[PDB]
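All values below were derived from every heavy atom in this structure, side-chain atoms included, with hydrogens, water molecules and symmetry-related copies excluded. Below, chains carry the letters A, B, ... as their sequence lines are ordered, and counting in each starts from 1.
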2 protein chains.
Amino acid sequence: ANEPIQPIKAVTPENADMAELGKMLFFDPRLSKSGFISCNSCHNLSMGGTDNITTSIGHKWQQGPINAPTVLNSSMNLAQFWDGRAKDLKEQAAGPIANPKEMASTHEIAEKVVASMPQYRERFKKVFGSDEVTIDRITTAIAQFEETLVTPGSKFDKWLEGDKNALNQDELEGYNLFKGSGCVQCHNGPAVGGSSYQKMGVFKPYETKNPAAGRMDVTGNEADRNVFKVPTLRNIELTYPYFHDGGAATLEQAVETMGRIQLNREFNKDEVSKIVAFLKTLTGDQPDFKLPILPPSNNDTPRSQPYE
Amino acid sequence: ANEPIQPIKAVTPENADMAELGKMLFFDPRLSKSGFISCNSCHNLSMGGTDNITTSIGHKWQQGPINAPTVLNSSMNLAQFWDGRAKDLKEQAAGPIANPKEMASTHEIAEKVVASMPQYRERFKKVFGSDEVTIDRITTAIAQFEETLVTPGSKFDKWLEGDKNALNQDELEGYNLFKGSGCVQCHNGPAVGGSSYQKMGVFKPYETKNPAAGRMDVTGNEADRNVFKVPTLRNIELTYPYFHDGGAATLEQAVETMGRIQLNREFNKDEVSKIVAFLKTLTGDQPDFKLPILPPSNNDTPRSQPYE
Ligand code: HEC
Ligand code: HEC
Ligand code: HEC
Ligand code: HEC
Ligand SMILES: [Ca+2]
Ligand SMILES: [Ca+2]
Ligand SMILES: [Ca+2]
Ligand SMILES: [Mg+2]
C-alpha cells in the first residue's frame with residue numbers, strides 16, 4: 001500500500017561549473033535575435049518557471065501556439081514538449097533558440113555571440129576542456145542547470161516523510177479524493193505526472209479552439225489525437241493558466257474539467273475546494289541562487305536586432 | 001587627494017524590508033498590462049541595468065522613443081529621465097507603470113494586482129505598518145530598492161583610494177586625457193556625470209533622426225533644445241549602445257564624437273583607445289542578491305492581458 005506519490009529529492013549537480021554556465025545562458029537574452037528574450041522570459045524562475053499567460057509572447061510579440069510548461073522538475077519528464085517530440089532537456093534546449101516564433105535566432109549566431117565574450121570562453125574551457133563554443137555544449141550546459149531546478153520541501157512531501165501536521169484536514173481529504181477518485185491513474189510518481197502520455201478527454205472531448213493535436217503530430221495516428229504528456233502537478237499553484245491552451249484560468253475549473261472528462265465524475269463544490277487545497281501543498285522550495293551577472297557584449301559581439 | 005571624481009560607497013538600506021519589497025516589485029511583470037514586462041525587462045540587472053538595444057521594447061513590441069538609461073547609481077542623478085522631468089526615483093517609478101508605450105497598465109490596476117496577494121499585503125504591513133497597497137507605497141519601495149543599486153569597487157575607485165596598481169599604463173594615460181581635455185566639465189563627481197544638464201553638440205550639432213529635444217520639453221526654452229542630463233559613465237562598459245538615440249554602437253565612436261562636438265578636440269586612434277580603456281575601469285561591483293521569488297497570483301488577481 002505504498003503511496004502513488006513520492007517526495008522530491010534534492011539534487012547535487014554532477015558538474016557544478018557546468019550548471020553555473022547553464023544558469024548564465026538560461027538568463028542571457030542575447031541567445032535571442034532581439035537581445036530581449038531569454039529562457040527566463042518564458043520560464044520565469046521568480047514565478048514558478050512559466051510565463052503565466054495563455055500562450056507565449058515571442059520575437060516581435062508573436063502570439064504562441066501553446067501554453068508554456070514549467071521547467072521546474074522537468075528533468076523528471078519521460079520526454080519534453082507537450083507531444084514529447086524531444087527526447088530530453090538537452091535536445092529540447094536547441095529548439096527555442098532557432099524557433100522563429102520564439103527566440104528567432106540560429107544556432108550558428110548563438111555560438112558566435114557567446115564565443116565573442118572572453119568570460120564565456122573561459123567558462124567553456126573550465127567546463128569542457130577547450131574554449132570552443134558549440135550549440136551542443138550550450139544545450140549540455142543549460143540541461144545540467146535545469147537538472148538542478150527540482151523543488152523539494154513542499155508541505156505534502158513533509159507529510160509523506162512523517163510530519164502529520166504538514167497537512168490540515170481539508171488538504172488531507174483533498175489528497176484522499178485525489179487518490180480515491182482516480183487522478184493518480186495518470187498523475188503519479190515524484191512529479192505527480194510527467195511519466196506518460198494520456199488522452200485529454202477520455203469520456204467527453206475537451207472543448208477548445210486551439211488546433212494542437214498532441215501525439216498525433218508525432219505519430220500521425222488518429223488514436224493519438226489529443227493525447228498529451230501528463231503535466232507535473234508540482235507547483236501547479238504557480239503555473240496558471242491551465243491546460244495546453246491555457247483555457248482554464250483557475251485550479252477549481254481545471255479540477256472540475258478533469259473530473260468530468262477524464263473520470264466522468266462531477267465533483268461538488270466542497271470536493272473541488274479540498275482537491276485544490278491539496279494541489280497547493282505540492283508547491284516546493286523555489287530556486288535559491290544569486291541573480292546571475294552576465295559578461296558584457298563587446299565590439300566583436302553580433303549586435304541585437306530587436307526591430308530589424 | 002582632490003581628483004574630480006570620488007569613489008562610490010556601499011549603501012545600506014534605511015529600511016531593509018522596504019528595499020526587499022522594492023526588489024520584488026522591480027522584478028514583477030504583473031505591474032505591466034501584459035504580465036510580461038517588469039522594470040528588469042528594460043533595466044536588466046544581470047546586464048548593467050539597461051536593455052542594451054537602441055530604444056526600449058514596450059507593450060506589444062512598441063519601438064520606444066529613446067535609449068533606456070541604467071538604474072545603476074541613478075540615485076546620484078540630480079533629476080530623473082533624459083530631460084530631468086522627474087524630481088527623484090520615487091516620482092520616476094510612477095511613469096513606466098502607466099506609460100502606454102512601456103508597461104501600459106494604470107496605477108489603479110497595479111494597486112489591485114499587488115493587493116490581491118496576501119503575501120504582498122503582509123510585506124507592505126511589516127514595512128508601512130498598514131497592509132493596504134497604494135501606488136505611493138509601491139514607488140516608495142521601488143525607489144528604496146534603487147538606492148541600493150550603487151556599484152562600489154571599480155578598479156578606478158581602488159586607484160583613487162591608494163592602489164597605484166589598480167590601473168595599468170594605458171588606463172592611467174586615458175584618465176589623464178579625460179581630465180586634461182575638458183571631459184570632467186560634465187562628467188565628474190562620484191557618478192562621473194549625472195549632476196547637471198548640458199548641451200549635446202557644443203561646437204557642432206549631434207546628427208540624429210531622433211526627435212528628442214531634451215530639457216526644452218520641460219522648460220520650453222529654445223535655449224534648452226538638445227540639452228540633456230549628463231549620463232553617468234559608471235558602468236558605461238555595460239550599457240551600450242550609446243547616446244540618447246542609441247546611435248553610437250561602440251565606446252570608441254562615443255568617445256571620438258564627444259571630443260569632437262563637445263570639446264572641439266580631435267583625438268587620434270591611440271588617444272581614443274586609452275580613454276576607452278579608462279572608461280572600462282569605471283565598471284563596479286554588480287548587484288549581489290538572490291533571485292526574487294514572487295507570490296503567485298490567485299483567483300482575486302486581475303488577469304494579465306498580453307494580447308487583448
Ligand atoms: C517563449 C517565447 C519561450 C522561450 C523564449 C523558451 N521557451 Fe521553453 N517552451 C515554451 C513553450 C510554448 C513550450 C511548449 C512547446 C510545445 O510544443 O509543447 C516550451 C517547452 C519547454 C520545455 C518542455 C517542458 C515540458 O514539460 O514539456 C522545456 C524544458 C523548456 N521549454 C526549456 C526552455 C529553455 C531552456 C529555453 C531557452 C533556451 C526556452 N525553453 C525558451 C516557450 C518558450
Ligand atoms: C488521465 C486519463 C488523466 C487523469 C485520470 C487525470 N488527468 Fe489531469 N491531466 C491529464 C493530462 C493529459 C493533462 C493535460 C491535458 C491538456 O491537454 O492540457 C492533465 C492536466 C491536468 C491539470 C493541469 C496541468 C497543467 O496545465 O500544467 C490539472 C490541474 C490536472 N490535470 C488535475 C487532475 C485531477 C485533480 C484529476 C482527477 C480528478 C486528474 N487530473 C485526472 C491526464 C489525466
Ligand atoms: C521599457 C519598456 C521600460 C520599462 C519596462 C521601464 N523603464 Fe525605466 N526607462 C526606460 C526609458 C526609455 C527611460 C528613459 C525615458 C526618458 O524619457 O528619458 C527610462 C528611464 C528610467 C529611469 C531614469 C534614469 C536616468 O534618467 O538616468 C529610471 C530610474 C528608471 N527608468 C526606472 C524604472 C523602474 C523602477 C521601472 C519600473 C517600475 C522602469 N524603469 C520600467 C524604459 C523602461
Ligand atoms: C558637456 C559639455 C560634456 C562634455 C564636456 C563631455 N560630455 Fe560626454 N556627454 C554629455 C552629454 C549631455 C551626454 C549625453 C548626450 C546624448 O544626448 O546622448 C554625454 C554622453 C557621453 C557618453 C555616452 C553615455 C551614455 O550614452 O549613457 C560617453 C561615453 C561620454 N559622454 C564620454 C565623454 C568623454 C570621453 C568626453 C570627453 C572627450 C565627454 N564625454 C565630454 C556631455 C558632455
Ligand atoms: Ca500553465
Ligand atoms: Ca545606453
Ligand atoms: Ca556618434
Ligand atoms: Mg548617428
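Only the side chain of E252(A) comes within contact range of chain B, judged by heavy atoms closer than 4.5 Å. Both the backbone and the side chain of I57(A) have a heavy atom closer than 4.5 Å to some heavy atom of chain B. Heavy-atom distances place no part of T283(A) under 4.5 Å from chain B, backbone and side chain included. For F289(A), the parts lying under 4.5 angstrom from a heavy atom of chain B are both the backbone and the side chain. At a 4.5 Å heavy-atom cutoff, the contact between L294(B) and chain A is made by backbone and side-chain atoms alike. The part of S56(A) that comes within reach of chain B is its backbone (N, CA, C, O), which places non-hydrogen atoms under 4.5 angstrom from that chain.
Interface check for chain B: of the options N298(A), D288(A), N52(A), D51(A), the most heavy-atom pairs under 4.5 Å are formed by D288(A). Annotation: maximal heavy-atom pairing with chain B below 4.5 Å, among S38(A), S46(A), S304(A), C42(A), occurs at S46(A). Contact count against chain A (heavy-atom pairs under 4.5 Å) is highest for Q63(B) among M47(B), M24(B), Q63(B). Ranked by heavy-atom pairs shorter than 4.5 Å toward chain A, the options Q286(B), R303(B), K60(B) are led by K60(B). Top candidate by heavy-atom pairs under 4.5 Å with chain B, chosen from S41(A), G35(A), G48(A), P295(A), is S41(A).
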Might you work through the side-chain contact (heavy atoms from CB on, under 4.5 Å) test for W61(A) and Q62(B), ending with a clear yes or no?
CA-CA 9 Å; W61(A) 213 272; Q62(B) 286 173 269; over 6 Å; no

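Rounding to the nearest 0.5 Å gives a distance of 9.0 Å between CG of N44(B) and CZ of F36(A).
When all heavy atoms of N299(A) and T250(B) are compared, the pair lying nearest together is OD1-CG2, 3.4 Å. Taking both residues in full, the closest heavy atoms of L45(A) and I293(B) are given as O-CD1, 3.7 Å, listed atom of the first, atom of the second, then distance.
For NZ of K101(B), the number of neighbouring non-hydrogen atoms (other residues, nucleotides, ligands) closer than 6.0 Å is 12 at most.
Of all residues spanning residues 111-123 of chain B, none has a heavy atom less than 4.5 Å away from chain A's heavy atoms. At a heavy-atom separation below 4.5 angstrom, chain B is approached by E237(A), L238(A), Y240(A) within residues 232-247 of chain A.
A donor-acceptor pair is defined here as one N or O able to donate and one able to accept, closer than 3.5 Å; such a pair exists between the side chain of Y307(B) and the backbone of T55(A).
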